[PDB]
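Heads up: the structure comes next, in structure tokens.
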Amino acid sequence: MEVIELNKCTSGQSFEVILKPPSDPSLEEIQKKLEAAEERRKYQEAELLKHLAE
Amino acid sequence: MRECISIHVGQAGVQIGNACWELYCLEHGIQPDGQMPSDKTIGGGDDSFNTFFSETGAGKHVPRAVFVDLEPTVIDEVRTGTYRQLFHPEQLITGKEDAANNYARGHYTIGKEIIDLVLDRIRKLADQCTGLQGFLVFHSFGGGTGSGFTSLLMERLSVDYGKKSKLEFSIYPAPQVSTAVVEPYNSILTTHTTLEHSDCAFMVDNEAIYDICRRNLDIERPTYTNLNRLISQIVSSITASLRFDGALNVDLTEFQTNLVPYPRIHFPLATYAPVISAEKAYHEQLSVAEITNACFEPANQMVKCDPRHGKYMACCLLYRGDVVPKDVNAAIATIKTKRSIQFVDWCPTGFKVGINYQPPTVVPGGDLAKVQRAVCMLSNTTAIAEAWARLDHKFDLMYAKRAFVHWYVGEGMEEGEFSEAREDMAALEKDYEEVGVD
Amino acid sequence: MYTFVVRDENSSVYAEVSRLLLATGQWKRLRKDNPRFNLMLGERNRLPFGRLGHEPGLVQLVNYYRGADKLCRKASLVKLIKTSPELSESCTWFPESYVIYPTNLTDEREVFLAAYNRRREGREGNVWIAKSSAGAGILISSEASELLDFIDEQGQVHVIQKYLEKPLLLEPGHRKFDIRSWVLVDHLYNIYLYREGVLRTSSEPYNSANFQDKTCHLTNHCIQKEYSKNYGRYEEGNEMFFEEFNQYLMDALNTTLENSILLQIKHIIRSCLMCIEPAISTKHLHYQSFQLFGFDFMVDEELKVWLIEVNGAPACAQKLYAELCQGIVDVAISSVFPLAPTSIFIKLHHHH
Amino acid sequence: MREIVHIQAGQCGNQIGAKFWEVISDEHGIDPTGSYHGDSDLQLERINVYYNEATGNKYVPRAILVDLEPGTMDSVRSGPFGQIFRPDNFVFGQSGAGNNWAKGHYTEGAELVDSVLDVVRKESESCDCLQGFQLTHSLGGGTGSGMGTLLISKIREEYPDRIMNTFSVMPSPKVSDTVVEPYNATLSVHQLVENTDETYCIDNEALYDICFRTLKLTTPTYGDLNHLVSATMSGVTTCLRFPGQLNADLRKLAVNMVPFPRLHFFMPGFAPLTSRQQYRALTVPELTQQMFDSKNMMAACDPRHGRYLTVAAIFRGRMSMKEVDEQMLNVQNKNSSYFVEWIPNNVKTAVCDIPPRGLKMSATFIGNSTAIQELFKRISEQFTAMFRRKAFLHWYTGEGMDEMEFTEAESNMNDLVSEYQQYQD
Ligand SMILES: Nc1nc2c(ncn2[C@@H]2O[C@H](COP(=O)(O)OP(=O)(O)OP(=O)(O)O)[C@@H](O)[C@H]2O)c(=O)[nH]1
Ligand SMILES: Nc1ncnc2c1ncn2[C@@H]1O[C@H](COP(=O)(O)OP(=O)(O)CP(=O)(O)O)[C@@H](O)[C@H]1O
Ligand SMILES: Nc1nc2c(ncn2[C@@H]2O[C@H](COP(=O)(O)OP(=O)(O)O)[C@@H](O)[C@H]2O)c(=O)[nH]1
Ligand SMILES: CCS(=O)(=O)NCc1ccc2c(c1)OCO2
Ligand SMILES: [Ca+2]
Ligand SMILES: [Ca+2]
Ligand SMILES: [Ca+2]
Ligand SMILES: [Mg+2]
Ligand SMILES: [Mg+2]
Ligand SMILES: [Mg+2]
């Protein structure tokens with residue numbers, strides 16, 4: 001049971017109590033992901049319009 | 001002084017942001033018009049509260065915040081509510097139609113079209129900062145925007161602000177206050193693509209907030225207002241060290257150092273006390289020991305789980321009110337001889353304690369009663385994995401039938417992203433089990 | 001209407017409890033994966049406690065205390081006793097035991113050998129028994145070399161404990177025996193002892209000059225019925241109930257089962273359960289637990305009771321299923337989900 | 001500002017649509033002239049969802065009245081609220097559809113569809129952000145069934161990413177006009193399977209049983225049957241017409257109610273259904289017990305024959321929301337064998353303070369249940385009984401249709417029944 005790094009100021013204080021010692025995707029890659037899904041949407045919609053035109 | 005930019009995404013993020021910035025103003029003595037008589041430096045200053053508010057020449061203290069929602073109804077309340085005067089219009093971004101509770105719709109379909117605008121607005125706030133620490137991102141797991149657009153925002157933020165810390169406040173889906181059936185899907189999808197981008201995340205289970213409002217506040221059917229005022233108290237307790245003079249958790253960097261030794265396991269459990277009804281004739285003020293002992297009662301946790309059957313990696317006690325180190329260390333000695341606090345052998349068995357003498361502030365007319373001292377314990381427990389296991393299980397039930405998957409594929413998402421996200425969760429659960437169980 | 005699910009088809013006990021529940025016309029059984037249940041008769045291993053108590057509007061109850069394995073595992077029990085101040089290392093009702101890991105994997109090998117050398121030097125009876133949890137595999141011997149070399153042949157943790165060389169032998173026969181007590185702990189953590197115990201007697205005469213034949217030394221109901229030649233001679237199924245055993249103690253030892261054996265049994269039951277209550281209690285928890293426990297005891301010729309082990313998923317004596325099972329329904333299930341005596345249990349009061 | 005464009009086609013569609021606008025106009029305080037005279041701001045909060053605002057604070061429904069003969073629409077214009085509809089939004093012919101799906105879809109209807117789309121485009125152009133469409137029609141006739149599904153097909157082509165919603169009246173021999181109704185209903189169902197996100201199934205046979213047995217109406221009429229449809233249409237749209245957060249958007253509703261794209265046919269329900277003992281107060285338990293009772297359902301399918309995929313209840317009026325959850329959670333927990341266990345929390349409740357006219361409180365039920373396969377089974381059997389003899393086909397082959405098209409509609413619906421059966425297990 002020890003207290004360490006006790007810091008006191010006007011608005012409070014803080015300290016540490018120890019009981020026992022121990023024993024990314026680039027901007028380009030994000031544009032591709034976004035554009036890939038946009039493309040898949042464009043494909044599905046064209047398949048709908050192709051179906052409707054038939 | 002280093003600045004902190006708050007970001008609120010979706011309905012949950014925006015309504016919780018509203019509740020917090022209301023609480024911040026009451027705490028710093030800021031009025032609805034942005035005026036702060038205590039600030040003797042007009043239109044400038046590098047004080048502690050300046051980490052969250054900038055200043056104009058006219059004395060207006062403007063939150064360093066950005067609200068984003070794909071539909072405008074929730075943000076219009078901000079534009080006309082009590083604190084309309086705090087923000088200028090560029091800080092409130094609203095779209096025309098939301099993500100329909102569809103992750104794919106918010107991340108891909110709509111997110112692709114609005115992402116560059118949001119970053120531009122955030123870039124404006126960054127340009128007012130002399131030393132930006134990082135960001136605080138509030139959002140829900142279940143919403144289409146909260147899950148979908150947030151994970152996109154975190155990806156870009158890591159690209160545009162590589163050396164900046166990002167902390168999350170995430171609302172874990174609870175059926176008692178939701179009508180969306182696909183929320184397990186959204187939650188797991190957003191956790192997967194956000195994991196490598198978030199440095200520390202405080203999950204709040206709506207089921208926990210709900211039951212605390214029924215048990216401790218006598219709210220038979222709590223509303224979002226009831227939930228958000230309680231959630232903003234825990235948020236204030238967590239962010240207080242950034243906004244006031246102190247020495248513990250003085251910058252976003254310190255949250256990871258003190259709470260996250262292993263990067264993927266960055267979901268600390270939060271426990272708050274006391275929550276006392278205001279309608280009570282008059283309550284007996286709880287002692288440092290009693291409220292500290294309450295930090296180990298599952299009933300006061302932001303996520304219902306049993307820490308008795310996990311292992312601790314860190315623990316911080318953030319006190320506010322009439323508290324002195326003499327009383328704190330005393331109650332801790334008594335709680336070790338009674339409680340089941342098992343630490344991991346490669347972490348020091350101890351507690352970091354922060355005390356702020358200003359007791360908790362309560363919104364006038366709110367549900368919470370003024371108390372002389374309160375505490376918030378941030379502990380990193382393997383027990384919180386119970387929440388992933390639950391959420392992951394509901395995912396497995398629907399995905400076994402491919403139920404609702406077509407709505408996501410229809411927005412341009414590949415089905416393999418489901419399984420890729422689920423396999424990531426399976427490994428996250430395994431990380432907790434390898435660190436906690438024997 | 002109350003609903004329940006069954007996730008352990010092998011449990012003879014709760015198989016009867018489920019039959020009793022359905023007999024009241026007030027309990028409905030759902031598929032074992034339906035989350036909307038009031039009562040879970042759960043699985044033995046890896047029961048997912050984390051998913052209990054999250055269904056809105058449902059008070060959910062389970063028949064296992066999460067964490068009670070610390071008491072029902074061989075090595076865990078020894079560690080619990082040596083480490084728990086409530087039980088201490090000097091506890092006078094638990095045989096001297098040590099946790100010994102096979103060398104192919106802390107361990108108490110040295111500590112065990114110093115105590116072994118201490119006995120061998122002081123002319124004292126130095127007979128130990130090595131056992132584990134992965135058994136049907138048990139060994140008895142007076143040489144430490146045979147005990148250690150046996151555990152290394154295996155691959156799981158074992159425990160070495162002092163063998164009771166002076167057991168109490170029933171006459172006629174001169175035969176060993178153990179005592180099984182059934183204990184039920186409810187959601188409020190009341191400790192109820194079933195008034196009906198069972199002595200699983202060895203139908204073979206005890207023999208201290210030959211531990212090679214483990215038929216008169218092990219009183220297991222499965223060994224006496226597979227490797228014993230006098231099975232069912234003195235008592236049907238090598239099972240003597242309290243009514244009989246009590247009369248024997250009177251005619252032979254001029255004492256009663258309550259005074260000479262039961263007072264100690266009740267004391268041990270209280271000590272173990274109270275010790276772990278803070279760790280496993282579901283008082284302030286989002287779900288509720290109850291559980292049936294099987295305590296095994298040994299009695300020496302001095303009428304001092306010793307604790308053998310604790311079973312988390314015990315079976316019941318055939319003649320006592322209806323009474324005990326119905327009792328579980330009464331105080332464990334209906335006490336939380338009531339329906340529209342002379343109790344069979346003995347409540348062991350204690351300070352919570 | 002999430003506007004919905006309303007289309008009503010054919011006799012049934014225009015008469016049910018008529019009473020609908022009459023019922024909701026009352027709830028929003030709009031009189032027959034379009035002038036608002038309510039006393040609660042909740043009436044105007046979401047008023048633009050179904051109404052346009054003209055000069056002088058006039059509220060004009062966003063509805064298009066379509067038919068191939070003038071009869072029914074002359075009545076609407078002369079009916080109670082006939083004055084409230086935009087005169088331009090009346091689009092009709094003189095030929096009629098002769099209860100013939102082919103005439104509505106391929107011949108007569110084709111000559112008229114372009115002018116209808118010109119009106120649909122005019123209403124959409126003035127929409128701030130268009131949610132989607134909703135169509136009222138029957139499937140047993142010619143205009144609503146044949147031309148109605150044609151309009152849907154052409155609306156989806158021009159507005160592919162907008163929700164398409166319908167209130168569809170299913171034919172029944174108990175309330176039948178002609179024997180070819182199975183032909184017309186089977187041809188439409190396939191169109192709806194492909195081109196609608198949500199179809200509220202309204203079985204005239206169920207409406208009959210409710211009027212005869214529960215409501216004790218000796219000799220029910222189409223007017224009486226339409227009182228229930230009006231009341232049900234008001235309930236299912238309460239989420240859209242008043243301030244709410246649960247199922248408040250057409251796309252959000254579709255997302256939580258449709259686990260699979262083809263299984264989007266809902267069973268609606270309403271409570272109370274009282275016979276004139278009509279002033280007694282209805283308790284929350286009674287609202288729930290009745291709302292979930294088959295006798296209160298309009299699809300004419302016994303739910304206990306299948307399983308609910310998703311459920312959406314809406315309670316209207318001032319009541320205990322705590323006691324609402326207590327009774328809803330009591331129905332699920334007392335009949336969990338009829339709710340699929342592989343969709344966690346598939347029953348959602350929504351409360352509304354404003355009750356329907358003349359009622360202290362009510363409840364509307366919306367179920368996506370596999371039991372609906374019984375309704376499609378009935379239609380299929382009546383179709384095959386005639387089609388195996390090619391009876392009455394000349395009415396259709398004389399309009400350019402071929403037998404192969406009928407054989408395909410047959411296989412299509414029988415596939416739909418099979419798809420329901422595999423999820424009921
Ligand atoms: N605690 C809390 N939770 C909220 C609040 N608002 C919504 N939620 C939760 O958020 C989940 C739904 O996600 P939302 O945030 O409403 O949806 P969204 O982020 O706006 O995304 P969209 O689908 O486009 O509307 C549900 O589980 C709600 O319980 C709130 O104000 N407070
Ligand atoms: N230290 C000891 N001294 C004397 N006898 C002992 C003993 N340890 C075990 N025994 C004998 O072994 C038997 C119990 O074995 P144990 O209970 O450890 O194995 P087990 O757990 O597989 C049987 P169960 O769990 O069903 O009671 C008893 O009959 C007892 O006589
Ligand atoms: N519920 C209801 N059903 C109707 C009404 N009018 C017609 N029907 C049913 O609709 C079918 C006839 O279609 P109808 O609308 O008259 O043909 P259309 O005018 O060419 O579209 C039959 O099944 C009738 O029972 C009505 O006012 N209410
Ligand atoms: C025994 C009562 S009833 O059969 O007359 N009422 C139902 C009904 C109403 C209108 C109908 C119809 C049937 O067939 C054509 O139009
Ligand atoms: Ca200043
Ligand atoms: Ca980073
Ligand atoms: Ca012509
Ligand atoms: Mg939203
Ligand atoms: Mg055993
Ligand atoms: Mg007609």
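By convention in this document, the chains of the structure tokens carry letters A, B, ... by their order, each chain's residues are numbered from 1, and ligands are numbered from 1 in the order they are shown.
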
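The neighbours of residue 275 in chain B here are the residues that come within 10 Å of it, using only C-alpha atoms and leaving out any residue fewer than 6 positions away in the same chain; they are residues 212, 213, 215, 216, 217, 230, 233, 300, 367, 368, 369, 370, 371 and 374 of chain B.
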
Show me, as a CSV table (one decimal) with C-alpha atoms, in the first residue's frame, every residue of chain D with an atom at most 8 Å from chain A, counting only C-alpha atoms.
```csv
chain,number,residue,atom,x,y,z
D,153,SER,CA,-43.5,-1.0,-63.0
D,157,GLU,CA,-38.3,2.5,-63.8
D,160,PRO,CA,-35.7,3.1,-59.0
```

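For the pair CA of residue 322 in chain D and CA of residue 208 in chain B, the interatomic distance is 17.4 Å.
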
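Of the listed residues (B:187, B:130, B:198, B:239), B:198 comes nearest to chain A; the distances count only C-alpha atoms.
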
Practice task
Write out as a ChimeraX atom specification each polymer residue (protein, DNA or RNA) that has an atom no more than 8 Å from ligand 7, with only C-alpha atoms and all ligand atoms counted.
Solution key: /D:95,107-108,111

Contacts between chain B and chain A, please, where a residue of chain A counts if it comes within 9 Å (with only C-alpha atoms); show its shortest atom pair and distance in Å to one decimal, rows by chain and ascending number, as JSON lines.
```
{"residue": "A:1", "atom": "CA", "partner": "B:333", "partner_atom": "CA", "distance": 8.1}
{"residue": "A:3", "atom": "CA", "partner": "B:329", "partner_atom": "CA", "distance": 8.6}
{"residue": "A:6", "atom": "CA", "partner": "B:247", "partner_atom": "CA", "distance": 8.9}
{"residue": "A:7", "atom": "CA", "partner": "B:247", "partner_atom": "CA", "distance": 6.3}
{"residue": "A:8", "atom": "CA", "partner": "B:246", "partner_atom": "CA", "distance": 7.8}
{"residue": "A:9", "atom": "CA", "partner": "B:246", "partner_atom": "CA", "distance": 6.7}
{"residue": "A:10", "atom": "CA", "partner": "B:245", "partner_atom": "CA", "distance": 7.8}
{"residue": "A:11", "atom": "CA", "partner": "B:357", "partner_atom": "CA", "distance": 5.8}
{"residue": "A:12", "atom": "CA", "partner": "B:356", "partner_atom": "CA", "distance": 4.3}
{"residue": "A:13", "atom": "CA", "partner": "B:355", "partner_atom": "CA", "distance": 5.3}
{"residue": "A:14", "atom": "CA", "partner": "B:354", "partner_atom": "CA", "distance": 4.3}
{"residue": "A:15", "atom": "CA", "partner": "B:353", "partner_atom": "CA", "distance": 5.4}
{"residue": "A:16", "atom": "CA", "partner": "B:352", "partner_atom": "CA", "distance": 4.5}
{"residue": "A:17", "atom": "CA", "partner": "B:351", "partner_atom": "CA", "distance": 5.3}
{"residue": "A:18", "atom": "CA", "partner": "B:350", "partner_atom": "CA", "distance": 4.0}
{"residue": "A:19", "atom": "CA", "partner": "B:350", "partner_atom": "CA", "distance": 5.2}
{"residue": "A:20", "atom": "CA", "partner": "B:349", "partner_atom": "CA", "distance": 5.0}
{"residue": "A:21", "atom": "CA", "partner": "B:348", "partner_atom": "CA", "distance": 4.9}
{"residue": "A:22", "atom": "CA", "partner": "B:348", "partner_atom": "CA", "distance": 4.6}
{"residue": "A:23", "atom": "CA", "partner": "B:345", "partner_atom": "CA", "distance": 5.2}
{"residue": "A:24", "atom": "CA", "partner": "B:158", "partner_atom": "CA", "distance": 7.5}
{"residue": "A:25", "atom": "CA", "partner": "B:155", "partner_atom": "CA", "distance": 7.4}
{"residue": "A:26", "atom": "CA", "partner": "B:159", "partner_atom": "CA", "distance": 6.6}
{"residue": "A:27", "atom": "CA", "partner": "B:159", "partner_atom": "CA", "distance": 6.6}
{"residue": "A:30", "atom": "CA", "partner": "B:155", "partner_atom": "CA", "distance": 7.9}
{"residue": "A:31", "atom": "CA", "partner": "B:112", "partner_atom": "CA", "distance": 8.5}
{"residue": "A:33", "atom": "CA", "partner": "B:108", "partner_atom": "CA", "distance": 8.4}
{"residue": "A:34", "atom": "CA", "partner": "B:108", "partner_atom": "CA", "distance": 5.8}
{"residue": "A:35", "atom": "CA", "partner": "B:112", "partner_atom": "CA", "distance": 8.3}
{"residue": "A:36", "atom": "CA", "partner": "B:412", "partner_atom": "CA", "distance": 7.7}
{"residue": "A:37", "atom": "CA", "partner": "B:412", "partner_atom": "CA", "distance": 4.1}
{"residue": "A:38", "atom": "CA", "partner": "B:412", "partner_atom": "CA", "distance": 6.0}
{"residue": "A:39", "atom": "CA", "partner": "B:412", "partner_atom": "CA", "distance": 7.5}
{"residue": "A:40", "atom": "CA", "partner": "B:412", "partner_atom": "CA", "distance": 5.2}
{"residue": "A:41", "atom": "CA", "partner": "B:412", "partner_atom": "CA", "distance": 5.0}
{"residue": "A:42", "atom": "CA", "partner": "B:412", "partner_atom": "CA", "distance": 8.6}
{"residue": "A:44", "atom": "CA", "partner": "B:410", "partner_atom": "CA", "distance": 7.7}
```

Give the residues close to ligand 1, within 8 Å, counting only C-alpha atoms and all ligand atoms; write them as number ranges by chain.
B: 9-16, 69-71, 97-103, 106, 139-148, 171-180, 183, 204-206, 209, 224-225, 227-228, 231; D: 252

Using only C-alpha atoms, the residue out of C:212, C:230, C:76, C:133 with shortest distance to chain B is C:76
